[PDB]
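Residue numbers (UniProt numbering), protein chains in the order written: chain H, 2 to 245; chain D, 4 to 234; chain X, 3 to 242; chain Z, 9 to 125, 133 to 250; chain E, 34 to 266; chain L, 76 to 287; chain P, 20 to 241; chain Y, 1 to 195.
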Amino acid sequence: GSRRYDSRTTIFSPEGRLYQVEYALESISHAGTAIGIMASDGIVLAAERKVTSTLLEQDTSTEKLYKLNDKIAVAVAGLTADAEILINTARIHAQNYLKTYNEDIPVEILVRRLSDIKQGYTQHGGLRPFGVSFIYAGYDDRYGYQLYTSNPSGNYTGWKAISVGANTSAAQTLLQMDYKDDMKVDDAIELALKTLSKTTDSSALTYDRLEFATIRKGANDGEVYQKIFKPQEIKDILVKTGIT
Amino acid sequence: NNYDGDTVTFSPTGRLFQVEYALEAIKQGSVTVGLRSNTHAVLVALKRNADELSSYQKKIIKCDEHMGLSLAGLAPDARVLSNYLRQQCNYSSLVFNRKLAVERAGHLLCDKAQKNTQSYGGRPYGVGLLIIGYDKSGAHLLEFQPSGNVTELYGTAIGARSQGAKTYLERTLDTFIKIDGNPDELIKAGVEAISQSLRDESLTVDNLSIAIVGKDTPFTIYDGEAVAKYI
Amino acid sequence: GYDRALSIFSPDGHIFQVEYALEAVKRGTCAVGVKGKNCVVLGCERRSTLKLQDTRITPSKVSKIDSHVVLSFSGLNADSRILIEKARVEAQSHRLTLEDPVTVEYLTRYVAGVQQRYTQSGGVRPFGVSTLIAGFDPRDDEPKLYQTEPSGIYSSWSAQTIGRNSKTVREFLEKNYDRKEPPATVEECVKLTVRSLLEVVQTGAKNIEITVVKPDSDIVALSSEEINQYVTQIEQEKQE
Amino acid sequence: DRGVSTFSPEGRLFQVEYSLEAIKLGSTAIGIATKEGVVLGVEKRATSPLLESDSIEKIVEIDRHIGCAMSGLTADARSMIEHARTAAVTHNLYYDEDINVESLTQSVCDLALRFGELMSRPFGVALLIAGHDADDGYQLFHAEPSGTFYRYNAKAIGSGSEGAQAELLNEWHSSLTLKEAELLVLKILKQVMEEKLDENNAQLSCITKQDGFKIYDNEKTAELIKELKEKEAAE
Amino acid sequence: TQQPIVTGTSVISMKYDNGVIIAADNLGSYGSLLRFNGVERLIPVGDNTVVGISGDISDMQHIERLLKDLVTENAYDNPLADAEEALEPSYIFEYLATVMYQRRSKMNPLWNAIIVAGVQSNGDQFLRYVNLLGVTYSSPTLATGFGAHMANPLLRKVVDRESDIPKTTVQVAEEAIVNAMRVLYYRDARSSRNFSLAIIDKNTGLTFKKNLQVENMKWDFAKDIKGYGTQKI
Amino acid sequence: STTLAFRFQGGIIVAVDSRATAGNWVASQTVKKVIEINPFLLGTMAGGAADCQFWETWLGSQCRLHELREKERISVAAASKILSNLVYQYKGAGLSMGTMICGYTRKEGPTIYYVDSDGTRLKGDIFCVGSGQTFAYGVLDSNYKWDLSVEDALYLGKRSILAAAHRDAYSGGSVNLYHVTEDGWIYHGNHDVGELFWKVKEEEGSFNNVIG
Amino acid sequence: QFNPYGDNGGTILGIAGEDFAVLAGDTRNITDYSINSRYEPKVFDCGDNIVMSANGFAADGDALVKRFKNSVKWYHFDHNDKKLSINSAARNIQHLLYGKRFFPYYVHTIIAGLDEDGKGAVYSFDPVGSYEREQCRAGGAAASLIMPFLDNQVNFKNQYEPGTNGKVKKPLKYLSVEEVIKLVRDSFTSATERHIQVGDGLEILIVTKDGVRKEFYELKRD
Amino acid sequence: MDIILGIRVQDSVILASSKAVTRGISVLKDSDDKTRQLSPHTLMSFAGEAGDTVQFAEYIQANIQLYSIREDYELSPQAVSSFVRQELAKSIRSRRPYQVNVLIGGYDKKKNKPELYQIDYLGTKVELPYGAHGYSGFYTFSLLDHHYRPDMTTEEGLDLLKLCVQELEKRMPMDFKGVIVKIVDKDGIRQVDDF
Ligand SMILES: *[C@@](C)(CO)[C@](*)(O)[C@H](CC(C)C)NC(=O)[C@H](Cc1ccccc1)NC(=O)[C@H](CC(C)C)NC(=O)[C@H](CCc1ccccc1)NC(=O)CN1CCOCC1
């Protein structure tokens with residue numbers, strides 16, 4: 002019968018590893034680097050677009066940074082099409098929570114549910130896992146500013162600063178070197194860009210090959226604002242830090 | 004070789020190896036004999052034990068007041084098939100107030116075993132059955148094989164060294180067929196038949212298993228001291 | 003639905019998928035459970051290759067199933083969440099129908115039954131997780147400590163460890179733990195737990211987590227400084 | 009790979025034959041049937057000295073008149089016991105009577121072959144089912160994952176089974192008393208066990224018409240162990 | 034839940050020494066309208082059974098198709114289909130009785146009253162009743178609808194108990210049936226003059242008589258009846 | 076029917092009548108309205124006979140399965156709640172049951188739970204259930220004290236059923252008595268109203284409304 | 020609207036002795052004011068020395084008897100030809116009846132036979148499965164006529180010892196099979212006189228350790 | 001089930017619930033607590049159809065307790081009340097709706113404010129300074145309109161509540177056997193034993 006052609010996506014190796022999860026992580030390691038840095042008064046999300054073409058429409062494009070609700074955003078690393086499936090699910094989950102409790106969803110709860118969906122694909126159903134790693138950047142009134150990451154295994158962890166995708170080994174060393182706890186958003190913005198600038202496989206880091214976003218309490222009095230940076234705004238912030 | 008992974012695969016010479024491997028399980032099973040006259044039908048079964056401390060595996064199962072079988076091979080499969088026969092016999096009684104014909108009993112078993120040999124996932128039954136019965140057309144004896152093939156016979160035998168008893172019955176055909184209105188003599192002929200399949204072991208009191216059905220005899224099984232008469 | 007039998011027997015009589023799930027547990031960070039005279043203590047390793055972590059929000063290794071029972075584990079982190087969730091639901095369901103919280107044995111038996119079900123169900127792989135379940139039965143002061151594993155077997159332990167280098171720490175506990183006289187106080191039990199982890203861990207900074215459970219729903223997690231005091235005390239006594 | 013319900017060329021189900029190898033790795037369990045009762049005994053086999061041996065439950069009650077011992081992948085037995093208990097109680101509900109030991113065993117064995125591509136694999140555990148009823152009296156059954164069950168006067172299953180069975184062959188007779196059977200299980204267990212037999216690493220039980228199924232205390236078994244050693248030294 | 038539309042009236046029957054007789058008129062009523070006049074309500078099954086049906090005709094036609102299909106199914110893989118393993122009246126009845134009760138139990142009945150008349154293989158007379166409710170009973174005389182009220186009293190004067198059956202000949206029995214049909218024509222407003230009659234004998238077999246008519250009727254006395262009490266013209 | 080059970084110093088008394096009716100037709104005078112679930116649990120029956128009889132014997136099977144699985148006798152609270160959760164699933168379907176789960180355990184002590192077919196479950200010290208519950212209440216409440224002796228409590232339970240058996244047309248036959256202690260339930264006999272009424276009338280001097 | 024129930028009339032009666040038990044029932048079957056059959060038996064031998072009758076709506080009666088008979092058959096298959104005891108049969112019938120709790124069998128069921136001590140046993144059931152063992156029970160159309168007579172003559176109710184000032188009751192004792200059949204016959208002749216649905220014939224099934232014997236008696240046919 | 005009241009004051013929420021359980025012409029119990037603690041600082045009283053009331057209350061209780069364990073965090077009274085409303089809003093269009101009316105009294109620890117929510121069986125939620133279900137409201141609302149002030153103390157609230165119970169005991173047809181009073185504040189939930 003059909004048994005002959007079954008890859009058996011949800012099994013253990015003799016060493017106790019999940020083949021497909023490991024190979025999905027190998028896939029993600031070739032994806033454009035994405036960095037999240039959490040400051041005391043906000044969060045920065047920076048991501049490198051995958052080898053851009055000059056005829057690509059840059060201003061009306063979304064590849065790396067997506068908005069889940071007004072308080073939570075994600076940086077993507079891996080298959081975009083896979084990520085969008087998960088993003089729509091996450092968006093719906095946040096609205097279900099709001100409809101049920103009349104309160105915005107706590108960041109961890111949203112992250113856990115999305116990570117639980119990934120877990121399911123590694124344990125049952127016989128389907129391939131989602132080849133996606135997320136960096137969740139968000140705010141709620143319990144824990145304040147939070148950074149998380151999830152990967153195809155369905156395992157998630159919290160971070161002060163973290164990178165996913167390509168050159169994470171080199172990127173994490175640089176973040177671990179210059180990061181400190183009393184950091185501001187404007188400093189974190191500079192760190193994020195400096196790290197990408199050194200870990201990039203490109204010749205030089207330019208505005209057209211980047212996506213950038215901040216989550217500050219920079220709005221008027223006790224409320225959070227999400228800023229998905231425009232091309233010109235990235236061009237300005239790149240000059241302001243002295244990279245170009 | 005490459006064509007025995009499942010029942011859904013034909014070999015290049017047109018064989019179904021899984022069905023043949025199921026047939027092999029019957030050959031390993033303990034010998035059982037079936038034979039009939041015009042008035043009665045008799046099952047004789049050599050029961051097998053694990054060791055001296057164990058009981059002897061029961062080979063004969065009753066299906067209705069007028070029908071029953073003996074098994075050789077996987078006993079749980081015989082239980083499934085006998086249970087199916089019990090239901091079909093019972094359906095015939097409740098719905099039509101009619102005792103199920105032994106021939107239809109065979110047709111129903113054939114079709115049930117066949118479905119397992121044409122579909123992916125399932126497996127063939129690993130047991131052979133000898134069905135006896137007395138219906139509106141007199142006494143009957145059937146031989147069921149898990150390939151689906153059901154055959155009506157005067158006498159037969161299945162299991163290990165069944166060729167000895169089968170040769171004997173082929174010689175004795177003209178004698179035992181005319182044992183009418185005499186149960187004990189028809190059993191004696193069956194006991195002498197199964198004796199031709201014995202090696203080193205002989206028929207003891209808790210080893211032998213006999214069953215009979217006929218004109219004025221409901222399907223009944225004899226074990227223990229009730230078969231001491233025939234040793 | 004996906005039906006494939008993934009967990010199956012091999013010629014030598016082994017179910018490799020269950021045994022490979024044990025290897026995943028062996029890879030996982032070390033977890034230890036030690037029960038005293040009036041308490042149980044659950045110690046857990048946290049690997050120090052991860053700096054720039056946020057320990058406020060990062061999932062804790064020890065999880066409360068109910069107000070009186072806790073569960074730690076070793077192995078796949080994602081798999082553990084599924085077991086913990088199921089256990090928490092069963093805890094509330096038990097209170098609803100029996101009008102009484104679960105016993106630690108009952109909760110363990112349930113979790114172990116779930117793990118077993120995944121070893122002979124079609125289309126699923128076993129949980130790559132072994133758990134240590136500890137607590138106190140309702141209106142009872144006898145400490146309970148149980149262990150489960152992917153196969154589904156479960157049993158009670160005076161003290162036990164699971165995860166990577168668990169055979170080293172089990173060796174330590176086997177000679178240091180006295181059945182006739184268990185740790186009489188909370189301090190003694192925590193110290194023995196920290197000592198046992200110090201055989202394996204590396205540094206006693208933000209690598210060791212300790213959680214103490216006492217009778218009548220009295221559970222508390224120790225902070226860094228509190229744990230560091232045990233680490234400082236043990237090392238000074240060692241130099242002798 | 010290959011199908012789960014596949015026949016070998018010799019005419020056996022691969023998975024059933026492989027599950028039998030798993031049972032050989034399991035801890036020893038012995039049962040002896042007498043006219044005064046049936047005795048069930050098991051090797052506990054604690055993997056480590058820290059493990060509390062009294063939590064090792066390898067002997068189990070199905071009903072007041074039916075008991076059960078296990079050997080092999082013991083986790084697999086939980087759903088088998090659950091079925092047996094429900095079958096026993098359900099029959100009492102439908103018929104206002106105790107259920108026959110054979111019928112109970114048959115009900116359990118019906119689960120055995122309900123696997124394929133139902134559960135994904137056979138059970139990796141063998142059961143010794145001991146009990147009493149008014150019709151056939153004291154009985155001992157050996158229920159395998161093949162779906163087959165034999166009645167036994169005495170039976171050993173597990174790692175030391177072939178050695179213990181040969182010993183039970185010589186020692187068993189139809190006039191054994193309950194006390195004689197208790198000692199015989201302990202004697203044979205001590206022979207085939209790796210570690211030295213005592214009240215903590217071995218457990219006894221029995222089923223009698225009068226008192227029903229009872230698991231013995233560690234105090235009661237300890238005295239039988241002491242009684243056993245004295246009798247062997249006495250000649 | 035149904036309501037009968039096109040209906041058939043009484044079916045009457047009795048046992049005699051060597052077999053059974055059954056009769057039913059050829060009408061298909063549509064309420065008070067005597068709509069259809071060529072309706073055969075006696076349906077033979079083999080050469081040894083006749084099923085007489087009253088009530089809803091659409092359901093009668095459904096039952097016909099079942100019986101027809103039953104004969105076909107019985108012949109499959111059956112070398113003795115025209116001998117030892119032929120359909121018996123008792124088999125045919127029990128099948129119908131099963132269906133009738135199953136349908137009433139699903140609250141969707143076959144709106145009929147059925148009488149299965151025949152002769153068994155051993156020569157015994159078979160005569161048994163079943164209706165929309167699945168209720169079954171047997172008697173030396175059986176009748177449905179108005180037949181139960183008017184025919185049975187007349188037929189019971191001939192065969193009042195079991196011991197009267199051997200004493201009753203086919204001539205006497207048929208005479209009583211034909212008389213009963215006349216009485217029903219006098220008194221049942223949904224009856225017709227034309228009818229069918231069937232005799233199943235253990236010796237002479239199945240004799241199916243079509244296009245019979247009620248005759249030798251008494252109407253002459255009607256001319257003397259004037260008014261409703263006091264009128265003399 | 077009329078059934079009662081009350082809690083007191085010396086445990087629990089349980090008393091029931093034995094009549095069964097189909098309208099005004101007295102169908103039986105010898106019905107067992109107390110179910111013996113186990114040596115420490117009792118269940119009383121009022122309402123639809125089959126509904127009570129079927130589901131309370133079913134309850135006993137569930138209680139047995141509990142002590143097999145948990146190696147421990149089921150609590151009175153858990154036992155009652157199995158029954159109440161069951162009848163709640165059938166709410167609206169037309170079950171007619173007025174039951175009382177009476178028993179003793181170590182953790183609870185003597186306990187009584189009223190459970191009925193519309194899903195009501197109440198813990199309490201005194202309950203009377205059935206068509207003649209009000210007649211039983213009248214005698215029971217007016218004579219009840221916590222400090223009754225085992226002898227007096229048994230009689231009050233018996234006398235309260237008798238009171239109802241007399242006035243309520245749909246109660247009678249005989250009185251079945253039970254006493255539940257820390258050691259389990261103890262049966263205290265079947266008492267036919269035919270003899271009991273006159274015995275009570277003469278000895279007590281009550282029932283002066285009746286022609287002596 | 021379609022009404023799935025009907026009343027086929029008739030009445031049944033069960034009495035238990037010391038080492039025997041009888042289950043009687045009239046052979047008349049009716050609907051409204053018409054007689055369907057003068058001899059339609061409704062007391063059946065179900066095997067294992069158990070006789071059964073399900074009086075009321077005959078279709079439901081036959082369905083139940085049919086199912087119980089089948090239950091006895093499968094009890095033999097599943098439990099090594101073990102004899103079904105009368106108490107076990109009773110409980111099994113409760114589950115048959117209560118299985119259709121929300122669409123009941125409209126019948127009063129009575130079974131009779133011997134208990135496991137060899138003593139006479141009669142069990143009676145309501146339509147939805149409540150059952151009770153008794154020495155005495157009438158069921159069906161004329162149950163209200165026959166039952167009080169049985170209370171008086173079988174269980175000696177309201178009968179006191181002469182000259183004892185209504186203080187000593189008439190002592191209970193088992194009746195002989197001869198005395199029981201006298202009471203059955205008189206019960207049915209009385210019921211026939213005053214109930215229109217009862218008559219034609221009386222069929223009694225007597226159960227002893229030796230087996231199941233039958234007796235038939237004529238009743239008035241008006 | 002009949003009388004359930006609620007009064008929100010300056011620093012607490014006070015719930016009063018009748019003790020009587022009546023079927024037919026018999027008061028079966030006179031000490032019934034018609035409430036469940038959903039969380040340490042959230043209490044729900046209930047009244048309505050027999051069986052439904054408790055079954056619904058305990059079902060909500062189990063869900064809130066499950067949440068508390070999962071997140072190691074107490075839901076706000078507003079969040080709990082929204083969850084309860086939605087369950088009843090689902091229920092009303094079910095095959096067999098829960099016929100249960102509830103009052104949710106809670107103390108929000110983040111806002112440091114007491115909160116009283118009235119929700120009927122249809123899923124109709126309102127936040128109120130004082131609330132009631134059933135026929136009680138027809139007397140108590142007008143009484144509270146007059147005597148209630150927003151800045152009252154817990155003691156003043158209890159006297160205001162006594163004034164309601166007295167009026168109900170005077171003019172209500174049925175004997176409801178007094179009330180069980182509970183207070184919800186910053187320190188959690190506690191019962192007034194002498195009322
Ligand atoms: C007091 C005496 C009254 O409530 C007690 O409560 C007893 C309780 C004991 C028996 C456990 N209650 C009854 O006796 C109870 C009263 C009752 C009846 C019906 C519904 C609710 C309450 N009686 C019964 O249940 C009787 C018991 C029989 C007589 C032994 N049964 C019937 O009335 C049966 C079953 C009715 C039924 C209920 C639910 C669904 C379907 C049917 N009814 C019949 O037998 C019908 N009837 C009998 C007379 O002949 C014509 C048909």
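Yeah, the Cβ is synthetic: ideal placement off N, Cα and C, and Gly gets one too.
Asked	Found
If the cut-off is 7 angstroms on Cβ atoms, which residues from the region 133 to 158 of chain Z count as contacting chain D, listed in chain order?	none
In whole angstroms, what separates the C-alpha of P/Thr46 from that of P/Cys65?	18 angstroms
Comparing C-alpha positions only, which one of Y/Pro173, Y/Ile119, Y/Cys164, Y/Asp11 sits nearest to Y/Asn101?	Y/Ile119
Does X/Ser153 have its Cβ less than 9 angstroms from a Cβ in chain Z?	yes
Using only the alpha-carbon positions, how far apart do H/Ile238 and X/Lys146 sit?	59 angstroms
Would you verify that the beta carbon of residue 4 of chain Z is, or is not, closer than 9 angstroms to some beta carbon of chain D?	The question about residue 4 of chain Z has no answer, for chain Z in this structure spans 9 to 250.
With C-beta atoms as the reference, is P/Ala160 less than 9 angstroms away from P/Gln216?	yes
Can you find a C-beta in chain X that's less than 9 angstroms from the C-beta of Y/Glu156?	no
Which chain D residues sit within Cβ distance under 8 angstroms of H/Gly2?	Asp9, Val11, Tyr123, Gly124
For the region 97 to 108 of chain Z, which residues have a CB atom closer than 8 angstroms to at least one CB atom of chain L, in sequence order?	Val97, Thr98, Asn100, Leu101
Spatial neighbours of E/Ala130 within its chain, please: CB distance less than 6 angstroms, with the 5 preceding and 5 following residues excluded, ordered by chain position.	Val163, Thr169
Suppose you measure from the CA of D/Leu189 to the CA of D/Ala231; what does that come to, to the nearest Å?	16 angstroms
Ligand 1 heavy atoms versus the CB of Y/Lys170: any closer than 8 angstroms?	no
With contact counted as at least three CB pairs below 8 angstroms, one residue from each stretch, are the region 53 to 71 of chain H and the region 20 to 28 of chain H in contact?	no
Does ligand 1 have even one heavy atom less than 8 angstroms from the beta-carbon of H/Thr101?	no
Is it buried or exposed, E/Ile148, if we count other Cβ atoms within 10 angstroms and call 16 or more buried?	buried
Determine the contact status of P/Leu202 and P/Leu224, defining contact as a CB-CB distance below 9 angstroms.	no
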